[PDB]
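Novice:
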Amino acid sequence: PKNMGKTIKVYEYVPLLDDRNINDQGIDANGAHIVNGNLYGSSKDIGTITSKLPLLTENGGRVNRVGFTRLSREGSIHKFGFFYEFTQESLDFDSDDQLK
Amino acid sequence: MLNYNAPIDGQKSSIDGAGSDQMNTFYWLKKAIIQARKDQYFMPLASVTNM
Amino acid sequence: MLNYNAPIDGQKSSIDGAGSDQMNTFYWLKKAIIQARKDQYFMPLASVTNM
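Protein chains in written order, with the deposited numbering: chain A, 52 to 151; chain F, 1 to 51; chain B, 1 to 51.
#1: In terms of alpha-carbon separation, which member of 37(B), 41(B), 6(B), 44(B) lies closest to residue 66(A)?
#2: With a CB to CB cut of under 8 Å and the five nearest residues on each side skipped, what residues in its chain are close to residue 121(A)?
#3: Count the other CB atoms, across all protein chains shown, that sit within 10 Å of the CB of residue 103(A); report buried if there are 16 or more and exposed otherwise.
#4: Label residue 9(B) either buried or exposed according to how many other C-beta atoms from any shown protein chain fall within 10 Å of its C-beta, with 16 as the threshold for buried.
#5: Closer than 8 Å, CB to CB, is residue 21(F) near chain A or not?
#6: Measuring only the C-alpha atoms, how far is residue 5(B) from residue 147(A)?
#7: Taking its Cβ as the centre, do 16 or more other Cβ atoms sit within 10 Å of residue 79(A), making it buried, or is it exposed?
#8: If you measure from the beta carbon of residue 35(B) to each beta carbon in chain A, is any gap under 8 Å?
#9: Give me the chain F residues within the contact set of residue 73(A), using Cβ-Cβ distance strictly less than 9 Å, ordered along the chain.
#10: CA-CA distance, residue 151(A) and residue 141(A)?
#11: Over what stretch of residues does the alpha helix (DSSP H) that includes residue 98(A) continue unbroken?
#12: Can you find a CB in chain F that lies within less than 8 Å of the CB of residue 76(A)?
#13: Does chain A have any CB closer than 8 Å to the CB of residue 45(F)?
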């Protein structure tokens with residue numbers, strides 16, 4: 052649309068299990084905050100998934116917390132254009148009659 | 001805790017990451033603050049003779 | 001000639017003087033690009049035994 056600058060931007064919504072989900076709010080089964088919080092992310096190691104499974108107990112409260120992220124895709128617009136001149140006597144008095 | 005740290009002041013909202021940020025961060029009042037004509041006290045006291 | 005310059009990259013528009021800038025500088029498409037569920041085998045091949 053007119054009157055809105057020159058840029059289109061959208062929103063990307065990363066899923067939970069994704070390496071792009073680099074969030075801060077994350078606490079493991081032992082109730083300790085970790086440097087991550089997108090669970091096991093995208094890795095497919097049996098050991099890693101086993102160690103990061105959201106396993107819960109009977110008397111369990113603040114144990115497994117996940118986090119989400121968001122992304123934006125900018126898109127701009129530019130301008131192009133050329134031209135050319137031509138004299139009058141370069142169109143009338145000339146060999147070809149359809150130079151234009 | 002997924003807060004909304006002030007995006008205008010620089011602190012990116014907790015949901016946003018990398019290079020996304022918030023986009024609508026202020027409501028524009030679509031009504032300008034315009035001024036009016038300063039009054040005239042001498043132009044009225046003037047007859048016009050054509051040329 | 002007052003020209004639009006480039007407010008997004010920092011250059012203030014000519015009519016926007018002193019402490020002012022364009023206040024609608026892009027467009028939100030408002031249509032998020034989301035991903036669907038991963039294909040799930042294993043799970044639908046399963047019988048259930050109620051407890």
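Ideal Cβ positions, reconstructed from N, Cα and C, are used throughout, including at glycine.
Specialist: On the basis of the supplied data:
#1: For the purposes of this step, residue 66(A) is taken as residue 15 along the first sequence, with counting starting at 1. Of the listed residues, the one whose Cα sits closest to residue 66(A) is 37(B).
#2: Here residue 121(A) is taken as the residue at index 70 of the first sequence, counted from 1. Answer for residue 121(A): 62, 63, 64, 65, listed in chain order.
#3: Mapped onto the first sequence, residue 103(A) falls at position 52. The residue is buried, with at least 16 neighbouring Cβ atoms inside 10 Å.
#4: Counting from one through the third sequence, the residue named residue 9(B) turns up at place 9. Per the 10 Å Cβ criterion, exposed.
#5: The residue given as residue 21(F) occupies position 21 in the second sequence. Judged by the 8 Å Cβ criterion, residue 21(F) is in contact with chain A.
#6: On the third sequence, position 5 is the one that residue 5(B) refers to. On the first sequence, position 96 is the one that residue 147(A) refers to. Going from the Cα of residue 5(B) to the Cα of residue 147(A) covers about 44 Å.
#7: For the purposes of this step, residue 79(A) is taken as residue 28 along the first sequence, with counting starting at 1. Classification of residue 79(A): buried, given that the 10 Å Cβ count is 16 or more.
#8: In the third sequence, residue 35(B) corresponds to position 35, counting from 1. Chain A contact via Cβ: present.
#9: Reading the first sequence from its first residue, position 22 is the one you call residue 73(A). Per Cβ cutoff of 9 Å: 17, 18.
#10: The residue labelled residue 151(A) in the question sits at position 100 within the first sequence. The residue labelled residue 141(A) in the question sits at position 90 within the first sequence. If I take the Cα positions, the gap works out to 10 Å.
#11: Here residue 98(A) refers to the residue found at position 47 when the first sequence is read from its first residue. Unbroken alpha helix (DSSP H) run through residue 98(A): 97-102.
#12: Stepping through the first sequence from its first residue, residue 76(A) is reached at position 25. By this cut-off, residue 76(A) is an interface position.
#13: For the purposes of this step, residue 45(F) is taken as the residue at position 45 of the second sequence. Output row for residue 45(F): interface = no.
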